[PDB]
$ cat protein_16.txt   # compact mmCIF, C-alpha atoms and all ligand atoms
# COMPACT_ATOMS: atom_id res chain seq x y z
CA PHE A 117 -50.94 -7.82 -46.20
CA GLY A 118 -51.27 -5.06 -43.60
CA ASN A 119 -47.51 -4.74 -43.22
CA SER A 120 -44.87 -5.55 -45.84
CA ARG A 121 -45.34 -9.23 -44.97
CA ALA A 122 -46.33 -10.00 -48.57
CA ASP A 123 -44.20 -7.25 -50.13
CA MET A 124 -41.69 -9.10 -52.30
CA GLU A 125 -38.83 -8.14 -54.61
CA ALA A 126 -36.18 -10.36 -56.15
CA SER A 127 -33.75 -10.41 -59.07
CA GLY A 128 -31.42 -13.00 -60.55
CA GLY A 129 -29.04 -13.31 -63.47
CA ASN A 130 -26.72 -15.91 -64.97
CA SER A 131 -24.67 -15.15 -68.09
CA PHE A 132 -22.05 -17.42 -69.66
CA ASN A 133 -20.05 -16.98 -72.87
CA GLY A 134 -17.35 -19.32 -74.15
CA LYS A 135 -15.31 -19.08 -77.34
CA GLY A 136 -12.56 -20.99 -79.08
CA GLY A 137 -10.63 -20.91 -82.31
CA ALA A 138 -7.58 -22.16 -84.15
CA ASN A 139 -5.81 -21.56 -87.46
CA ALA A 140 -2.91 -23.13 -89.33
CA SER A 141 -1.62 -22.13 -92.76
CA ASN A 142 1.56 -22.74 -94.73
CA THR A 143 2.83 -21.93 -98.22
CA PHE A 144 5.82 -22.92 -100.35
CA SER A 145 6.62 -21.50 -103.79
CA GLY A 146 9.97 -22.97 -104.86
CA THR A 147 11.43 -25.23 -107.52
CA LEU A 148 13.99 -27.92 -106.73
CA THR A 149 15.61 -30.56 -108.94
CA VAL A 150 15.81 -33.94 -107.21
CA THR A 151 17.46 -37.27 -108.00
CA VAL A 152 15.94 -40.75 -107.95
CA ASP A 153 16.93 -42.79 -104.90
CA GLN A 154 15.47 -46.18 -105.89
CA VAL A 155 12.81 -47.79 -108.07
CA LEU A 156 9.94 -49.45 -106.23
CA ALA A 157 8.21 -52.67 -107.22
CA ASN A 158 5.26 -50.86 -108.82
CA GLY A 159 7.56 -48.47 -110.72
CA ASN A 160 7.24 -45.54 -108.32
CA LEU A 161 10.45 -43.55 -107.89
CA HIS A 162 11.86 -42.50 -104.52
CA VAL A 163 13.26 -39.01 -105.14
CA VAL A 164 15.63 -37.15 -102.81
CA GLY A 165 17.20 -33.78 -103.54
CA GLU A 166 19.08 -31.01 -101.79
CA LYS A 167 20.19 -27.48 -102.63
CA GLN A 168 22.48 -25.21 -100.61
CA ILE A 169 22.68 -21.45 -101.17
CA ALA A 170 25.16 -19.11 -99.46
CA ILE A 171 23.96 -15.57 -100.20
CA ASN A 172 26.17 -14.02 -97.53
CA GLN A 173 26.71 -14.54 -93.79
CA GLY A 174 25.00 -17.92 -93.60
CA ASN B 59 41.76 -32.60 -131.81
CA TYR B 60 40.72 -35.55 -133.98
CA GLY B 61 37.36 -36.11 -132.29
CA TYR B 62 34.09 -36.40 -134.16
CA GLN B 63 31.71 -33.44 -133.94
CA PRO B 64 28.07 -33.44 -135.08
CA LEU B 65 26.84 -30.64 -137.32
CA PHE B 66 23.13 -30.28 -136.52
CA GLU B 67 23.18 -30.95 -132.77
CA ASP B 68 22.88 -28.20 -130.15
CA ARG B 69 26.59 -28.30 -129.17
CA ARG B 70 25.85 -29.44 -125.64
CA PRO B 71 28.83 -30.07 -123.35
CA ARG B 72 30.01 -33.67 -123.68
CA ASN B 73 33.51 -34.04 -122.17
CA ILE B 74 35.40 -32.99 -119.05
CA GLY B 75 36.62 -29.68 -120.44
CA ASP B 76 33.31 -28.58 -121.97
CA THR B 77 31.77 -25.37 -120.64
CA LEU B 78 28.10 -24.69 -119.91
CA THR B 79 26.15 -21.54 -119.10
CA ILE B 80 23.94 -21.50 -115.99
CA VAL B 81 21.17 -18.96 -115.41
CA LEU B 82 20.48 -18.98 -111.68
CA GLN B 83 16.97 -17.44 -111.63
CA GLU B 84 16.44 -18.98 -108.20
CA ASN B 85 13.38 -17.92 -106.22
CA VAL B 86 12.13 -19.70 -103.09
CA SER B 87 9.50 -18.47 -100.65
CA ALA B 88 7.93 -20.33 -97.72
CA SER B 89 5.49 -19.07 -95.10
CA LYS B 90 3.86 -20.56 -92.01
CA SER B 91 1.24 -19.20 -89.62
CA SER B 92 -0.81 -20.50 -86.71
CA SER B 93 -3.14 -19.06 -84.09
CA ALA B 94 -5.36 -20.23 -81.26
CA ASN B 95 -7.69 -18.58 -78.77
CA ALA B 96 -10.07 -19.54 -75.97
CA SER B 97 -12.30 -17.19 -73.98
CA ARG B 98 -14.72 -18.07 -71.18
CA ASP B 99 -16.75 -15.51 -69.26
CA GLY B 100 -19.41 -16.04 -66.62
CA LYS B 101 -21.14 -13.76 -64.16
CA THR B 102 -24.07 -14.66 -61.91
CA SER B 103 -26.16 -12.58 -59.52
CA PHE B 104 -29.14 -12.94 -57.19
CA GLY B 105 -30.67 -10.57 -54.65
CA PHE B 106 -33.99 -9.83 -52.95
CA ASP B 107 -33.75 -6.23 -51.71
CA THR B 108 -37.17 -7.01 -50.21
CA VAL B 109 -38.13 -10.22 -48.40
CA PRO B 110 -41.66 -11.31 -47.47
CA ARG B 111 -42.39 -11.79 -43.79
CA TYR B 112 -43.07 -15.49 -44.41
CA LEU B 113 -39.80 -15.90 -46.36
CA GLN B 114 -37.60 -13.95 -43.93
CA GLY B 115 -36.46 -17.26 -42.45
CA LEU B 116 -34.56 -18.36 -45.56
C1 LIG C 201 -29.40 -31.86 -58.78
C2 LIG C 201 -30.53 -31.92 -57.77
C3 LIG C 201 -30.16 -32.85 -56.63
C4 LIG C 201 -31.03 -32.58 -55.43
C5 LIG C 201 -30.42 -31.50 -54.56
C6 LIG C 201 -31.19 -31.43 -53.24
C7 LIG C 201 -31.18 -30.00 -52.67
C8 LIG C 201 -29.73 -29.49 -52.51
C9 LIG C 201 -29.65 -28.49 -51.35
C10 LIG C 201 -30.26 -27.14 -51.76
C11 LIG C 201 -30.60 -26.31 -50.51
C12 LIG C 201 -29.31 -25.72 -49.90
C13 LIG C 201 -29.13 -26.13 -48.41
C14 LIG C 201 -28.99 -24.86 -47.53
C15 LIG C 201 -29.03 -25.23 -46.04
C16 LIG C 201 -27.90 -26.25 -45.70
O1 LIG C 201 -28.14 -27.19 -45.01
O2 LIG C 201 -26.59 -26.06 -46.20
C17 LIG C 201 -25.89 -25.00 -45.59
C18 LIG C 201 -24.58 -24.77 -46.31
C19 LIG C 201 -24.85 -24.67 -47.82
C20 LIG C 201 -24.53 -26.00 -48.49
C21 LIG C 201 -25.38 -26.17 -49.74
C22 LIG C 201 -24.51 -26.76 -50.84
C23 LIG C 201 -25.34 -27.66 -51.76
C24 LIG C 201 -24.39 -28.22 -52.83
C25 LIG C 201 -25.07 -28.24 -54.20
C26 LIG C 201 -25.88 -29.54 -54.34
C27 LIG C 201 -26.84 -29.38 -55.51
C28 LIG C 201 -27.34 -30.74 -55.95
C29 LIG C 201 -25.62 -25.35 -44.12
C30 LIG C 201 -26.64 -24.54 -43.22
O3 LIG C 201 -27.55 -25.10 -42.70
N1 LIG C 201 -26.44 -23.07 -43.02
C31 LIG C 201 -27.42 -22.28 -42.17
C32 LIG C 201 -26.75 -21.77 -40.96
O4 LIG C 201 -25.77 -20.84 -41.31
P1 LIG C 201 -24.45 -20.70 -40.36
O5 LIG C 201 -23.37 -21.61 -40.70
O6 LIG C 201 -23.83 -19.37 -40.38
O7 LIG C 201 -24.70 -20.95 -38.94
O8 LIG C 201 -27.75 -21.15 -40.13
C33 LIG C 201 -28.30 -19.99 -40.70
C34 LIG C 201 -29.45 -19.50 -39.79
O9 LIG C 201 -30.49 -20.46 -39.79
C35 LIG C 201 -31.77 -19.93 -40.09
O10 LIG C 201 -32.18 -19.13 -39.01
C36 LIG C 201 -33.45 -18.51 -39.23
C37 LIG C 201 -33.77 -17.59 -38.09
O11 LIG C 201 -32.84 -16.90 -37.83
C38 LIG C 201 -34.52 -19.60 -39.34
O12 LIG C 201 -35.76 -19.02 -39.61
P2 LIG C 201 -36.86 -18.89 -38.40
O13 LIG C 201 -38.22 -19.22 -38.81
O14 LIG C 201 -36.61 -19.76 -37.25
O15 LIG C 201 -36.97 -17.55 -37.83
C39 LIG C 201 -34.16 -20.55 -40.48
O16 LIG C 201 -35.05 -21.65 -40.46
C40 LIG C 201 -35.99 -21.67 -41.56
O17 LIG C 201 -35.62 -21.52 -42.67
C41 LIG C 201 -37.51 -21.90 -41.28
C42 LIG C 201 -38.09 -22.81 -42.39
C43 LIG C 201 -38.51 -21.98 -43.61
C44 LIG C 201 -39.84 -22.52 -44.17
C45 LIG C 201 -40.35 -21.56 -45.28
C46 LIG C 201 -40.85 -22.38 -46.50
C47 LIG C 201 -39.67 -22.72 -47.43
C48 LIG C 201 -40.07 -23.88 -48.37
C49 LIG C 201 -39.06 -23.98 -49.53
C50 LIG C 201 -39.43 -25.16 -50.43
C51 LIG C 201 -38.24 -25.52 -51.32
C52 LIG C 201 -38.74 -26.00 -52.69
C53 LIG C 201 -37.67 -26.86 -53.36
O18 LIG C 201 -37.10 -23.72 -42.73
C54 LIG C 201 -37.46 -24.67 -43.70
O19 LIG C 201 -38.29 -25.48 -43.45
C55 LIG C 201 -36.76 -24.67 -45.06
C56 LIG C 201 -37.65 -25.34 -46.10
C57 LIG C 201 -37.35 -26.83 -46.20
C58 LIG C 201 -37.76 -27.31 -47.58
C59 LIG C 201 -37.53 -28.81 -47.68
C60 LIG C 201 -37.65 -29.25 -49.13
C61 LIG C 201 -38.88 -30.14 -49.29
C62 LIG C 201 -38.97 -30.62 -50.74
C63 LIG C 201 -39.90 -29.71 -51.53
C64 LIG C 201 -39.89 -30.13 -53.00
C65 LIG C 201 -40.73 -29.15 -53.83
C66 LIG C 201 -41.37 -29.90 -55.00
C67 LIG C 201 -41.95 -28.90 -56.01
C68 LIG C 201 -32.75 -21.06 -40.33
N2 LIG C 201 -32.36 -21.75 -41.60
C69 LIG C 201 -31.51 -22.99 -41.56
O20 LIG C 201 -31.14 -23.41 -40.52
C70 LIG C 201 -31.09 -23.70 -42.89
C71 LIG C 201 -32.10 -24.80 -43.32
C72 LIG C 201 -32.75 -25.50 -42.12
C73 LIG C 201 -33.01 -26.99 -42.48
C74 LIG C 201 -34.23 -27.52 -41.67
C75 LIG C 201 -35.51 -27.48 -42.55
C76 LIG C 201 -35.81 -28.88 -43.12
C77 LIG C 201 -34.74 -29.29 -44.17
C78 LIG C 201 -35.14 -30.63 -44.78
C79 LIG C 201 -34.58 -31.49 -45.92
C80 LIG C 201 -33.70 -30.67 -46.85
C81 LIG C 201 -32.75 -31.60 -47.58
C82 LIG C 201 -32.20 -30.91 -48.82
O21 LIG C 201 -33.08 -24.22 -44.12
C83 LIG C 201 -32.89 -24.42 -45.53
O22 LIG C 201 -32.56 -23.51 -46.21
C84 LIG C 201 -33.11 -25.83 -46.17
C85 LIG C 201 -33.51 -25.68 -47.67
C86 LIG C 201 -33.81 -27.10 -48.25
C87 LIG C 201 -34.28 -27.01 -49.71
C88 LIG C 201 -34.03 -28.38 -50.37
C89 LIG C 201 -34.95 -28.59 -51.58
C90 LIG C 201 -34.95 -30.06 -51.92
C91 LIG C 201 -35.54 -30.29 -53.30
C92 LIG C 201 -35.54 -31.79 -53.58
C93 LIG C 201 -34.89 -32.07 -54.92
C94 LIG C 201 -34.54 -33.56 -55.00
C95 LIG C 201 -28.87 -20.25 -42.11
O23 LIG C 201 -29.04 -19.03 -42.74
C96 LIG C 201 -27.93 -21.12 -42.97
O24 LIG C 201 -28.65 -21.63 -44.06
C97 LIG C 201 -28.74 -20.79 -45.18
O25 LIG C 201 -28.30 -19.69 -45.14
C98 LIG C 201 -29.42 -21.30 -46.44
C99 LIG C 201 -30.30 -20.20 -47.02
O26 LIG C 201 -31.08 -19.64 -46.00
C100 LIG C 201 -31.22 -20.79 -48.09
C101 LIG C 201 -30.59 -20.63 -49.46
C102 LIG C 201 -31.27 -21.59 -50.44
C103 LIG C 201 -30.85 -21.23 -51.89
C104 LIG C 201 -30.84 -22.50 -52.74
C105 LIG C 201 -29.46 -23.16 -52.68
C106 LIG C 201 -28.67 -22.78 -53.93
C107 LIG C 201 -27.25 -23.32 -53.82
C108 LIG C 201 -26.70 -23.57 -55.23
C109 LIG C 201 -25.18 -23.46 -55.24
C110 LIG C 201 -24.57 -24.79 -54.84
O1 LIG C 202 -50.68 -9.84 -34.14
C1 LIG C 202 -49.44 -10.03 -34.01
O2 LIG C 202 -49.00 -11.18 -33.77
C2 LIG C 202 -48.47 -8.85 -34.15
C3 LIG C 202 -48.77 -7.62 -34.98
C4 LIG C 202 -47.44 -6.98 -35.37
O3 LIG C 202 -47.14 -5.96 -34.46
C5 LIG C 202 -46.33 -8.03 -35.34
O4 LIG C 202 -45.13 -7.43 -35.73
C6 LIG C 202 -46.18 -8.63 -33.94
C7 LIG C 202 -45.18 -7.83 -33.11
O5 LIG C 202 -43.93 -8.44 -33.17
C8 LIG C 202 -45.65 -7.78 -31.66
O6 LIG C 202 -44.65 -7.19 -30.87
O7 LIG C 202 -47.41 -8.64 -33.26

$ encode --input "protein_16.txt" --output "structure tokens" --more "lines below"
Ligand SMILES: CCCCCCCCCCCCCCCC(=O)O[C@H](CCCCCCCCCCC)CC(=O)N[C@H]1[C@@H](OP(=O)(O)O)O[C@H](CO[C@@H]2O[C@H](CO)[C@@H](OP(=O)(O)O)[C@H](OC(=O)C[C@@H](CCCCCCCCCCC)OC(=O)CCCCCCCCCCCCC)[C@H]2NC(=O)C[C@@H](CCCCCCCCCCC)OC(=O)CCCCCCCCCCC)[C@@H](O)[C@@H]1OC(=O)C[C@H](O)CCCCCCCCCCC
Ligand SMILES: O=C(O)[C@H]1C[C@@H](O)[C@@H](O)[C@@H]([C@H](O)CO)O1
Amino acid sequence: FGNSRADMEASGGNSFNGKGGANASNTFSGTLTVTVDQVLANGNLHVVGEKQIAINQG
Amino acid sequence: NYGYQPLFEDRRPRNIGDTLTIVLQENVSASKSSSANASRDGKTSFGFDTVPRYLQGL
């Protein structure tokens, strides 16, 4: 060890960060009167309805 | 008019010319939202700053 033959110095680093996300929301707060389309074998009713409103410009 | 008219019924419209009152009170509101994100970060390092005499080769 007379010289710096044994003198040693070293550093090392490794950092990793990963992220991920997702969202999906929906809301509906109306009331619509529909009409029966047909009666199924079990008695369930197929209902279809439509409502058109022309407030102004569309 | 010679038609029959009930006494105790609510006088609902029954024929072509009958008139009815409609209260609109319409209120519809629908909303929809969605989001997504993805972040990846990495950063690596390595350094001696001092190398032993026996390791100077590499
Ligand atoms: C998943 C695991 C799978 C297994 C993987 C296997 C290993 C997968 C491979 C890992 C090793 C990387 C290979 C690097 C060399 C190489 O091939 O790929 C190079 C390109 C890179 C591609 C790599 C992509 C991989 C892709 C990734 C793949 C990963 C999988 C090409 C090249 O060759 N470029 C080359 C060129 O550049 P240029 O182009 O510009 O011309 O020339 C210049 C100048 O040459 C120098 O000149 C000096 C004087 O000037 C002279 O010194 P002097 O004494 O004479 O004065 C000096 O001589 C000397 O070292 C003198 C002497 C030093 C002895 C000191 C004691 C050290 C002991 C150290 C002990 C090591 C302990 C592990 O030697 C040696 O005995 C070396 C030790 C051999 C150990 C054998 C392992 C036994 C198992 C021991 C097992 C231990 C059990 C516990 C001269 N050095 C040379 O020639 C170069 C070479 C000479 C080869 C002849 C020796 C016998 C080889 C014999 C066989 C080797 C075969 C592999 O040595 C090496 O490093 C070889 C390292 C091998 C380690 C493998 C471990 C296997 C584990 C086994 C595991 C299964 C070089 O700088 C440059 O190389 C360099 O920079 C390299 C740099 O230094 C060192 C950085 C290392 C950091 C880690 C990598 C980090 C990289 C990470 C990012 C990708
Ligand atoms: O005993 C040896 O082998 C040495 C001692 C140091 O001086 C070393 O560095 C080397 C030098 O390179 C000679 O010129 O000689």

$ residues_near_point --input "protein_16.txt" --point "(-20.2, -21.5, -67.5)" --cutoff "10 Å" --atoms "all atoms listed in the file" --output "list in words"
residues 130, 131, 132, 133 and 134 of chain A; 98, 99, 100, 101 and 102 of chain B

$ write_last_selection --input "protein_16.txt" --atoms "C-alpha atoms" --output "short mmCIF file (atom, residue, chain, number, x, y, z; two decimals), in the frame of the given file"
data_model
loop_
_atom_site.label_atom_id
_atom_site.label_comp_id
_atom_site.auth_asym_id
_atom_site.auth_seq_id
_atom_site.Cartn_x
_atom_site.Cartn_y
_atom_site.Cartn_z
CA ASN A 130 -26.72 -15.91 -64.97
CA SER A 131 -24.67 -15.15 -68.09
CA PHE A 132 -22.05 -17.42 -69.66
CA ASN A 133 -20.05 -16.98 -72.87
CA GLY A 134 -17.35 -19.32 -74.15
CA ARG B 98 -14.72 -18.07 -71.18
CA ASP B 99 -16.75 -15.51 -69.26
CA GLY B 100 -19.41 -16.04 -66.62
CA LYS B 101 -21.14 -13.76 -64.16
CA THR B 102 -24.07 -14.66 -61.91
#

$ residues_around --input "protein_16.txt" --residues "residue B:96" --least-positions-apart "2" --cutoff "7 Å" --atoms "all atoms listed in the file" --output "mmCIF file with C-alpha atoms, keeping the file's coordinate frame"
data_model
loop_
_atom_site.group_PDB
_atom_site.id
_atom_site.type_symbol
_atom_site.label_atom_id
_atom_site.label_comp_id
_atom_site.auth_asym_id
_atom_site.auth_seq_id
_atom_site.Cartn_x
_atom_site.Cartn_y
_atom_site.Cartn_z
ATOM 1 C CA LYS A 135 -15.310 -19.080 -77.340
ATOM 2 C CA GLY A 136 -12.560 -20.990 -79.080
ATOM 3 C CA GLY A 137 -10.630 -20.910 -82.310
ATOM 4 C CA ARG B 98 -14.720 -18.070 -71.180
#

$ atom_distance --input "protein_16.txt" --atom1 "atom CA of residue A:167" --atom2 "atom CA of residue B:87"
14.1 Å

$ interface_residues --input "protein_16.txt" --of "chain A" --to "chain B" --cutoff "10 Å" --atoms "all atoms listed in the file" --output "PyMOL selection string"
chain A and resi 117+119-148+169

$ atom_distance --input "protein_16.txt" --atom1 "atom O5 of ligand LIG 202 (chain C)" --atom2 "atom CA of residue B:116"
18.4 Å

$ axis_aligned_box --input "protein_16.txt" --around "stretch 167-170 of chain A" --padding-each-side "8 Å" --output "lines of an AutoDock Vina configuration file"
center_x = 22.7
center_y = -23.3
center_z = -101.0
size_x = 21.0
size_y = 24.4
size_z = 19.2
